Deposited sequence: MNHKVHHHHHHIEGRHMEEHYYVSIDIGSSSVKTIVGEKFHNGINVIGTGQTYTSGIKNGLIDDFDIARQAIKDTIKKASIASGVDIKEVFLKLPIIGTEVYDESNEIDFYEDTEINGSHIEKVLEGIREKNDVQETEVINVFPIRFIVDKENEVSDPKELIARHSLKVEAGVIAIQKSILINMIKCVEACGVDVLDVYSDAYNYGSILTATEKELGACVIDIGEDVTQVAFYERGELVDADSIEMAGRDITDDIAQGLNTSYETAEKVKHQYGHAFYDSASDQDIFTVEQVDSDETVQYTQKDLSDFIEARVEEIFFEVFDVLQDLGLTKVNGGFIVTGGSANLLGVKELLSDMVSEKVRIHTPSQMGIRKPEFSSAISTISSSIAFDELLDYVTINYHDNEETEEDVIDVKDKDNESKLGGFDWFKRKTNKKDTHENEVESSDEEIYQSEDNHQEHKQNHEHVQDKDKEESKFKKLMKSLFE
């Protein structure tokens, strides 16, 4: 059937309706609603947040022609913990391992302040000896063990995000931390060599590092697009709103590559007076803040104890639309750099990476467990 994801963002709630193909996802509809009901990745006003989510499901329904009733929810990398764990289940007869057995051994891991939301297999072990990655259709005489990666989140976040969404008359079939979702926007080589995803949104910037095909660790920083706007507003002595517009229209994150011929007029906040500015002027502010964010990212990587980023950097999210971000980052790092943008029609904006990869995740577990 169809897969419906919901990304409850600080700038906009995003919903994608997709269909699973052998080698991909066919997107058949989207919904997007900007709201002030979400701040810093979390619900700021329940009622307003409910309205936006409800409205977005509506938009997604009308656009896809589907009667959305069940959805997969992405969860931000806040109050999150990643760790290892293993579990084993016993058989009392020769058993050909299928999806149900895998679901059961992982389930046990998903057995106080937090709640396990994702449990993915690193490797499986049949009858205390044969170690394999895919144990399907093979025979076990005694057992099936799993060495899994585990993501858990603070109960308060989970409980409130689900309640808010289910208050719009829909069922949350499953939850997917963005820590696991990003695994899907990376190529096999990136996930192997050791790659870092950086999603710069509005209030939150998220970081997730994958290595040897698996998620190693992740975290989030409270510095992103809004902060870029704030500096612009302060610098050009103009309102937040106007600063937001010039950021989209003339924004550039690399001063040297920023243009001078590009000019625009901005009204002042303290006087009827108006002032002229060049893109290079605007870029002074944008580069400074984006640079800071990246330095914040490097600090996260060190605390996480992750020097060495062999697979390169993948930058995505709404602020990734900013010109000069690739230049800026590669100008301060030796490893490869790229901006990820979903390829499907209608969601070809970096802000859609979370929503679309949430579907990739639902599909992955669909194929794993079925």
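Residues of the deposited sequence missing from the coordinate set occupy positions 1-19, 131-134, 394-484.
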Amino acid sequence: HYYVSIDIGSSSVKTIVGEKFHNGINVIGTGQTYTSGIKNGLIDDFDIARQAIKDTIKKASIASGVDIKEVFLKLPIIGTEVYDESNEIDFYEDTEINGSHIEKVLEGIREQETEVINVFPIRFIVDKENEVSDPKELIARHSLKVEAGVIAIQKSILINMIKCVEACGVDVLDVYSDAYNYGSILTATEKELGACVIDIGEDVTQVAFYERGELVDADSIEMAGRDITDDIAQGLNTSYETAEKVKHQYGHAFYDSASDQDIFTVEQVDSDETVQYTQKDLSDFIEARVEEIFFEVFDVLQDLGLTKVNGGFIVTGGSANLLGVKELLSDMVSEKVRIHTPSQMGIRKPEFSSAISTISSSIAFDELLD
From here on, numbers count along this sequence of modelled residues.
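In this entry, 134-142 has the higher mean Cα B-factor, the comparison being between 81-89 and 134-142.
As the entry records it, the average C-alpha temperature factor is higher for 91-99, out of 91-99 and 174-182.
Out of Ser354, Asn23, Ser361, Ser11, the entry records its largest CA B-factor for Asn23.
For the set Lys104, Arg289, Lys74, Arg212, the PDB entry puts the maximum C-alpha B factor at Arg212. When the modelled residues of the chain are ordered by C-alpha B-factor, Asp7 sits in the lowest third. The entry lists a Cα temperature factor for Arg110 that places it in the highest third of the chain's modelled residues.
Looking at the C-alpha B-factors along this chain, the one for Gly312 belongs to the middle third. Among the modelled residues of its chain, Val266 has a C-alpha B-factor that falls in the highest third according to the deposited record. Placement of the Cα temperature factor of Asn160 within the chain: lowest third of the modelled residues, per the deposited record.
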